[PDB]
Amino acid sequence: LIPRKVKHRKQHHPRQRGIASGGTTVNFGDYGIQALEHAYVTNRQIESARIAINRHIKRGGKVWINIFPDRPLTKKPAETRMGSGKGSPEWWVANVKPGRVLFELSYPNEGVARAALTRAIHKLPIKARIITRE
Amino acid sequence: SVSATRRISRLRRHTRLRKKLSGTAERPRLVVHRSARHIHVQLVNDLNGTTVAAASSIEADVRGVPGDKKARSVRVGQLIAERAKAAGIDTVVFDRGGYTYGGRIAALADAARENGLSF
Amino acid sequence: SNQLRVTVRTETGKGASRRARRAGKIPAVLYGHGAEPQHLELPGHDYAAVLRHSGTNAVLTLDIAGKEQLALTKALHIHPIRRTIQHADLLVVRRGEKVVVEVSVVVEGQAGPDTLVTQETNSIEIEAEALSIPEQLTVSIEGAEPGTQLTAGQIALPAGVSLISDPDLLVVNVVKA
Amino acid sequence: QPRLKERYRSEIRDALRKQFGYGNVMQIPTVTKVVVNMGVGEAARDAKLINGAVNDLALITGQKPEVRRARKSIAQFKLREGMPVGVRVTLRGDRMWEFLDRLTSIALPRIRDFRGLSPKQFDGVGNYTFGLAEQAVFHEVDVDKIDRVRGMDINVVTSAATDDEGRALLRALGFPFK
Amino acid sequence: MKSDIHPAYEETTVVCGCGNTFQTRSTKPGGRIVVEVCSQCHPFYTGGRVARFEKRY
Amino acid sequence: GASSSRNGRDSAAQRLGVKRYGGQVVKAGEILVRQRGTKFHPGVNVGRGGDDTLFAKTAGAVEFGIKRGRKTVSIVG
RNA sequence: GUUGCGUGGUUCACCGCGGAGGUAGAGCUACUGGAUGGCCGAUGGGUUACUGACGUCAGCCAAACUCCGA
RNA sequence: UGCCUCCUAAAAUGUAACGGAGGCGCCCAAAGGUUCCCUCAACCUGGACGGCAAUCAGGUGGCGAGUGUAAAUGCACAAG
RNA sequence: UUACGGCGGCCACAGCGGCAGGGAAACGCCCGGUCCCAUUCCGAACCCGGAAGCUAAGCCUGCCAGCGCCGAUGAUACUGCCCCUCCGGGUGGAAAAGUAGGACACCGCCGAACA
Ligand SMILES: [Mg+2]
Ligand SMILES: [Mg+2]
Ligand SMILES: [Mg+2]
Ligand SMILES: [Mg+2]
Ligand SMILES: [Mg+2]
Ligand SMILES: [Mg+2]
Ligand SMILES: [Mg+2]
Ligand SMILES: [Mg+2]
Ligand SMILES: [Mg+2]
Ligand SMILES: [Mg+2]
Ligand SMILES: [Mg+2]
Ligand SMILES: [Mg+2]
Ligand SMILES: [Mg+2]
Ligand SMILES: [Mg+2]
Ligand SMILES: [Mg+2]
Ligand SMILES: [Mg+2]
Ligand SMILES: [Mg+2]
Ligand SMILES: [Mg+2]
Ligand SMILES: [Mg+2]
Ligand SMILES: [Mg+2]
Ligand SMILES: [Mg+2]
Ligand SMILES: [Zn+2]
């Protein structure tokens, strides 16, 4: 995942403070992964947690990703003193506040879908949990 | 419609010159309202919105004046000239009302300068 | 059916709503047919059980210091992390008024061929009077072919109940694979 | 008094009340303006329209037209802003009825292999627009004393509300339709 | 602008070869416009292979 | 080191803003709201100025208000 | 900062009253951009399992976005 | 390396870094003064050559166009 | 006092739209281009001289929450200052969104009809 344009190539770090206010409930699917703590979730971490939900159900189902990495982070070159400018962009971060639902899932069986979302919490740099549509 | 266009296009010309011409208690504003049959006139004093004097062609004095519609404009110009001097007014600002200065409104103002008012 | 005992709030603010929640109470308001709103506490664990069962609409019979009054449950406020009721809005009903209520929609059936049954909402807003004849509205998909999308029409709505959401809400969609 | 206007208030004015049930006589349609333009797009190159498109609509319609300038620049047409591309004349009153008469009587049956104007050319409101292909339709220009041929399209704006209400008006004035 | 810019627009007698005539106002110098076809002498104002076989045979 | 001083420059801050607030007695000629454009508009006894400076014409107290959406600065004489 | 000579509560704090704001938060069919899943489908590509503009229904994001707004 | 605009800048003003973006060393004898008048872009339908888009006519359109030149604040009452 | 004509205050709780009704004086369309005046072309507009026709439209009045607009109480976010290792707590302020609802404006002066 990567955007096709951004208006500003070099941005500040998005601030990691506050309980989330939007996307706090499961809207598309029946099961979902809710965050519990602040972290930057990069596009490599989403595509790794996506292919761990897909390759455990192996057919059927539908997987929603209502989180997109559109905020860039920058990186200096390797052996460099401080302060000759700001570095070129390297990573792509989606700011994840506590309470935010990351992945969602509709699947007919309960124990397979719940044991597939656990295999994506172990790929993400947060503490998380599985919540249901009531 | 040709009637809805003329009403909006004249209260837009009238609000244009209203930005720069107000009228006060020592210098009122001689507003005109020209229609096809008659013309009206009133001094308005835009600080409290209170007409101090008015005149028109719908009353029986102007109705009997012989001549055309310019000739009935001179008579209503002479009336508010001697209805403003009966209330302590000798200088006013003039208000076209959105209309073009000329013809009947110009004959109203030329009849109000020769009878006391000093704009 | 749902007997429930409330009390009127002494002090109303940020610090007193926190002291009510640590004592096992839920703060709420009761605004209705033009009257002034009451500011009242809920008993907590009892209110969480008279809407876990008996649906979520769940016409309540309040006991405001002796006086009796019926009320619906308009809107809750759930904390995103504790997942506990913070604050309720209740509105009164005098034995039949055309209120607006969102209600559950379930799906009954199994599709035969390679068909993925997808749904876009679990609720439609229907109007009805007091003590709730309506409940969840079953949509019997018989196992149709994956080309037929089910709209807000072709719904099995009961009598005395009108559908006033929109007659184009896609509720069940079936596609290939 | 032009002969098509006094014919308009003699039988065309009353036959619209039987055909369309108007309650009041101010609802009867009447053509308001006839707008004629060339649209000489071959003037971004070589800029010659002075004796071309101005001194022939003066002979056809009756008065001097308006040299319309461009609004925006288009490079594929080699057109820059503020450059003469159109020549418009607007006909009102007595010169309008003397043009709609002189069109249908002596001009419009001189289109080469003419078989009728299309009655589908209304714009959803009741305003009619058709086109021509040459200047020699009108007898007021002589073909020996002109430059290159050029055509015109003609609007006829009516007070009618809908299409067939405006189609019935121009049918009685003398427009052919197929 | 409505003074010695516009061309001469005087009354003009129009005739046709059919015999129709009327009288309007046009820019033709002289007042003697003569047409050869009008709105009353022109058409449109006044109105298989199997059959070809037996015509041969 | 990559010489990324492609953008290292700024203008000078122009000290804009409101200079005399409401209910504050002013003299004749005192500048009330220095600004770019007409963020504030001239009302009674307030002139605009050449670079939209909104000075005072008459001594009195300053009061703000609304006049058909555009907000105004006026002086009670 | 000190000190001489002037001026004398003009300073400062709190309560009351009159004032300008665009931060935190929040919102976005209120704009400029980013963007997830549906429905409809302009074009494009081989009669159309590929492309999915513009709209529309739910859920979102922004130091250089703001109808709002402590 | 001086001047000009934004953000950083924490809702007055001010505020640093080899922090994030761009402009300037002009042009206009009307693109200045004044007086009077006008409303746009985009889209929909109709139209000879005419095309996605020249010019024309009619609908819908409250500012999405426009401002000599960068951005901000402005401007439809118009500063267009 | 009024299914009246002006001028303002106010700038959507007032705008937009739909549906009915209205013509005493007025307002309007309208009938004409000799006269001052007028169109980058046109008596369309601006202007002048008129009073044959009509409430069809503008305008005015009544009724509609449909699209817009306004909008609490409560609660949460945020936060000044204190207590705190963080989490959080005490005291003082308090939104945005949403919900209940509001709403087809209200007020002053002059003229004309009634009185
Ligand atoms: Mg949000
Ligand atoms: Mg600056
Ligand atoms: Mg200067
Ligand atoms: Mg010293
Ligand atoms: Mg205060
Ligand atoms: Mg404040
Ligand atoms: Mg800002
Ligand atoms: Mg923020
Ligand atoms: Mg967008
Ligand atoms: Mg999409
Ligand atoms: Mg912001
Ligand atoms: Mg500041
Ligand atoms: Mg500050
Ligand atoms: Mg440079
Ligand atoms: Mg000039
Ligand atoms: Mg200008
Ligand atoms: Mg009458
Ligand atoms: Mg006329
Ligand atoms: Mg009517
Ligand atoms: Mg509140
Ligand atoms: Mg609100
Ligand atoms: Zn003939």
Side-chain angles (χ1 to χ4, degrees), chain A residues 3 5-8 10-12 21-23 27-28 64-66 68 70 83-86, chain B residues 1-4 7 15-16 19 31 33 35 40 42 44 46 49-51 54 56 58 68-69 100 102-103, chain C residues 12 15 17 27-29 31-32 34 37 39 74-75 77 86-87 89 91 118 120-121 149 169-170 173, chain D residues 23-27 33 35 37 39 41 44 63-68 70 74 77 79 85-86 88-93 121-125 127 129-133 151-153 155 157, chain E residues 1, chain F residues 3-5 7-8 11 13 15 17-18 21-23 35-39 64 68-69:
Chain A
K5 288 189 263 75
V6 290
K7 188 182 287 293
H8 298 288
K10 299 178 185 177
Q11 300 178 359
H12 300 308
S21 66
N27 294 116
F28 301 99
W64 289 271
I65 304 170
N66 53 4
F68 189 81
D70 53 354
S84 66
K86 187 171 175 65
Chain B
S1 179
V2 294
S3 66
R7 285 183 64 88
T15 312
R16 180 177 297 122
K19 297 194 291 182
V31 189
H33 176 75
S35 68
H40 306 283
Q42 59 188 358
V44 292
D46 290 329
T50 301
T51 303
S56 64
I58 66 170
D68 53 358
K69 288 189 282 185
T100 302
Chain C
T12 302
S17 296
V29 289
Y31 53 90
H39 296 164
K74 172 64 75 174
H77 194 197
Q86 281 180 347
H87 181 266
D89 291 333
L91 78 163
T118 61
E120 287 83 4
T121 183
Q149 60 188 359
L169 287 178
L170 177 58
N173 193 1
Chain D
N24 195 359
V25 301
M26 294 297 290
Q27 286 178 351
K33 57 183 173 67
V35 179
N37 55 341
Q63 68 261 21
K64 188 181 79 69
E66 186 186 7
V67 182
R68 298 296 298 165
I74 292 97
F77 295 151
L79 182 65
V85 73
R88 173 172 63 91
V89 59
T90 299
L91 296 174
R92 302 301 295 266
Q121 293 180 357
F122 293 93
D123 54 355
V125 179
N127 299 315
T129 304
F130 71 100
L132 297 177
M152 65 188 76
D153 45 347
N155 298 112
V157 180
Chain E
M1 298 178 73
Chain F
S3 298
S4 179
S5 65
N7 48 0
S11 68
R15 279 83 178 177
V18 176
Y21 291 94
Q35 63 183 356
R36 294 303 106 204
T38 59
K39 184 185 288 291
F64 292 91
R68 191 168 65 190

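Sequence lines set the chain letters: A, B, ... in the order given, protein chains first and strands last, and positions in each chain run from 1.
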If the glycosidic angle sits within 90 degrees of zero it is syn, else anti. Tell me which applies to [N].
N: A16(H); value: anti
N: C44(H); value: anti
N: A30(H); value: syn
N: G8(G); value: syn
N: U55(H); value: anti

Side-chain-base donor-acceptor pair under 3.5 Å for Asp153(D) and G47(H): yes
Does a side-chain N or O from [X] land closer than 4.0 Å to OP1 or OP2 of [N], or not?
X: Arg16(B); N: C37(H); answer: yes
X: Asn7(F); N: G20(H); answer: yes
X: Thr129(D); N: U45(H); answer: no
X: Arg68(D); N: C56(H); answer: yes
X: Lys19(B); N: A78(H); answer: yes
X: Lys39(F); N: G74(H); answer: yes
X: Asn66(A); N: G37(G); answer: no

By nearest-heavy-atom nucleotide on RNA chain H, the more 5' of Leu132(D) and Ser5(F) is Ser5(F)
By nearest heavy atom, map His8(A) and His12(A) onto RNA chain H; which one lands nearer the 5' end?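 Closer to the 5' end of RNA chain H: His12(A).
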Rounded to whole angstrom, note down the [atom1] distance from [N] over to [M].
N: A72(H); M: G22(H); atom1: P; value: 14 Å
N: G80(I); M: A11(H); atom1: P; value: 11 Å
N: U61(I); M: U34(I); atom1: P; value: 42 Å
N: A105(I); M: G9(I); atom1: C1'; value: 14 Å
N: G62(H); M: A76(H); atom1: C1'; value: 8 Å

Which heavy atom of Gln149(C) sits nearest to which heavy atom of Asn173(C), and what is that distance?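 Heavy atoms of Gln149(C) and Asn173(C) come nearest at CB-OD1, 4.0 Å.
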Determine which nucleotide pairs with [N], using a 3.5 Å limit on both distances of a Watson-Crick or G-U wobble pair.
N: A77(I); answer: none
N: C5(G); answer: none
N: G16(G); answer: none
N: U11(G); answer: none
N: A62(G); answer: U32(G)
N: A25(I); answer: none
N: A100(I); answer: none

Find out whether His87(C) and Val29(C) are in side-chain contact, i.e. whether some heavy atom of one side chain is under 4.5 Å from a heavy atom of the other. yes
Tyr31(C) side chain reached by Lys74(C) side chain, heavy atoms, under 4.5 Å: yes
Base, sugar-phosphate, or nothing for [X], non-hydrogen atoms under 4.0 angstrom?
X: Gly39(D); value: base
X: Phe130(D); value: sugar-phosphate
X: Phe64(F); value: sugar-phosphate

Centroid distance under 5.5 Å and plane angle under 30°, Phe68(A) vs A35(G): no
Let me have RNA chain H in dot-bracket notation, would you? Count Watson-Crick plus G-U wobble pairs, both distances under 3.5 Å, and use [ ] for pairs crossing earlier ones and | for inter-strand partners. .((((.(...........).)))).(...........[.(..((.............))....).[[).....]]....]
Are [M] and [N] stacked, with six-ring centres under 5.5 Å and planes under 30°?
N: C42(I); M: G43(I); result: no
N: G23(H); M: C24(H); result: yes
N: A30(G); M: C31(G); result: yes
N: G6(G); M: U7(G); result: yes
N: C29(I); M: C30(I); result: yes

Would you kindly give the [atom1]-to-[atom2] distance between [X] and [N], to the nearest whole Å?
X: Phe77(D); N: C49(H); atom1: CZ; atom2: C1'; result: 12 Å
X: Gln35(F); N: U13(H); atom1: CD; atom2: P; result: 13 Å
X: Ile65(A); N: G34(G); atom1: CD1; atom2: P; result: 20 Å
X: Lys86(A); N: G19(H); atom1: NZ; atom2: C1'; result: 8 Å
X: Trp64(A); N: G59(G); atom1: CH2; atom2: P; result: 15 Å
X: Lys33(D); N: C56(H); atom1: NZ; atom2: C1'; result: 9 Å
X: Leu79(D); N: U55(H); atom1: CG; atom2: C1'; result: 10 Å

Sugar of [N] - north (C1'-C2'-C3'-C4' positive) or south (negative):
N: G21(G); answer: south
N: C49(H); answer: north
N: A51(I); answer: south
N: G46(H); answer: north
N: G33(I); answer: south

Aromatic ring proximity, centroids under 6.0 angstrom, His33(B) and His40(B):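 Ring-ring flag for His40(B)/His33(B): true, centres closer than 6.0 Å.
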Here, do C87(I) and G43(I) pair up as Watson-Crick or G-U wobble, each distance under 3.5 Å? no
Hey, do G80(I) and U91(I) pair up, Watson-Crick or G-U wobble, with both distances short of 3.5 Å? yes
Of all the choices, [options], which nucleotide is nearest to the side chain of [X] once you look at every atom?
X: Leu170(C); options: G38(G), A20(G), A78(H); value: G38(G)
X: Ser11(F); options: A57(H), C4(H), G47(H); value: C4(H)
X: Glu120(C); options: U8(H), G38(G), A20(G); value: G38(G)
X: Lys7(A); options: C65(G), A35(G), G37(G); value: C65(G)
X: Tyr21(F); options: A20(G), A78(H), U45(H); value: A20(G)

Positional range of nucleotides in RNA chain I within the contact set of chain B, heavy-atom, under 4.0 Å: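 Extent of the interface on RNA chain I: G6(I) to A112(I).
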Between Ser3(F) and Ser5(F), is there a side-chain donor-acceptor contact under 3.5 Å, judged purely by atom types and distance? no
Could you go through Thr129(D) and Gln121(D), starting from their C-alpha distance and side-chain angles, then the distance that decides it, and tell me whether this counts as side chain to side chain contact (heavy atoms under 4.5 Å, CB included)? CA-CA 6 Å; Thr129(D) 304; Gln121(D) 293 180 357; 5.9 Å; no
